[PDB]
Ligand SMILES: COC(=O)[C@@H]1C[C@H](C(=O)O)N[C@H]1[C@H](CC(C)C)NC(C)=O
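In the block that follows, a single chain appears as structure tokens, in the form solved without this ligand.
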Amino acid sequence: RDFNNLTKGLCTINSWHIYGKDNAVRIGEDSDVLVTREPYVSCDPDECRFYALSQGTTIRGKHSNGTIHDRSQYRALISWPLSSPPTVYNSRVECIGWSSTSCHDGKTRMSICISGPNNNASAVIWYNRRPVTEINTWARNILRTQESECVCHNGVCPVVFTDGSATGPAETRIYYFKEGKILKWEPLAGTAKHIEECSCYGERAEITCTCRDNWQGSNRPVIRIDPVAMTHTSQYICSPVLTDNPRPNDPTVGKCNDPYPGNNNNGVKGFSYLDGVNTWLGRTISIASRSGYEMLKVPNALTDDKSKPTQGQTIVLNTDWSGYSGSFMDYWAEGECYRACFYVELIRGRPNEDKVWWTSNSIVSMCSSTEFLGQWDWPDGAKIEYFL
């Protein structure tokens, strides 16, 4: 009821615990579950919810055939209660569109959806369930944004957007909203070469986004934002623990201000918590495919170009499929520090499990513990063969 302010620092991440899990495609085999992809989690002052881009069909309906494709008039951003499946009957539509981001500012929620053809797309910014601002395509080639939650600090919420090429120079802007209205915007600055899909968090009045260079880097771009001054910088993560996918095998020395060459024109959405000795990177286990997921503690990963892992945790075993991951935190929990959390998307169907005609996913989420807890692995758990 007054605007939230990033007042705390992160607690110390010594291991991760299960927070939420869906079992969406399992239950989906016999329930009216919606086909989704590009999920994320976001919290209000009184509840946290699971979010995704709907495809406008149930998994078992006939229109599910074809949902490998990313953009269409039948997609929407829906939220549903924590750890329940996206069900036709329990979801709330936030806005109509095929790219999105959302964050609550302490007083109410801002949601952003984008739709259009590839060359004549637009964003409309919803604040308190109503449309307030609308932005049009600047470079006329798939205007897109984060695909996970943004963060606010005393009313100002910055969002990162890219319009242009995913295979060479694009035009990225950082927009600063306050109550749904534009306060200012900046073109990208700093040394990062291409930005796609920022996964962001804040603490001690500073905002950190770990994004994806789709053009040429197996190491990830980092944008750091001042929300009072409204300025930013960008860099790449220095460490040789490369975290994008597909990617080359890990080196001995890394790169802070240039892409690491290896794979070109591809990638995945990912994240990291960067906090000096307390730094944890997440990544796929496969260097070739979106298979498995681990978390790795790599001290000073951002600055030390020779930093190697100190500790780890396996979240999905390499035989199972993962997909996109991103960061969130509940800024309204009691306690002295912010607890780090993340989700991982578990994609099922095409392109890897080609004997079905659909593509859907479930979610697993995790948050930090200061204890050293034992680990388990958290796979989707459906058997594709039941859908035949």
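The first residue of the shown sequence is 1; numbering continues from there.
As for the form solved in complex with this ligand, it is not shown, yet the points below apply to it.
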This ligand contact in the deposited bound form: residue 43, any heavy atom under 4.5 Å | no
Looking in the deposited bound form, any heavy atom of residue 86 within 4.5 Å of this ligand?
-> no
With the partner left out of view, is residue 37 within 4.5 angstroms of this ligand in the deposited bound form by any non-hydrogen atom?
-> yes
Classify residue 156 as contacting or not contacting this ligand in the deposited bound form by the rule of any non-hydrogen atom within 4.5 angstroms, answering yes or no.
-> no
Have a look at 255, 193, 104, 290 for me and say which one sits with a heavy atom within 4.5 Å of this ligand in the deposited bound form.
-> 290
Could you spot which one of 227, 267, 221, 282 gets a heavy atom to within 4.5 Å of this ligand in the deposited bound form?
-> 267
Stretch from 140-148, 200-208, 125-133, 87-95 whose residues place a heavy atom within 4.5 Å of this ligand in the deposited bound form | 140-148
Determine the residues of 198-233 with a heavy atom within 4.5 Å of this ligand in the deposited bound form and present them in sequence order; the list may be empty.
-> 212
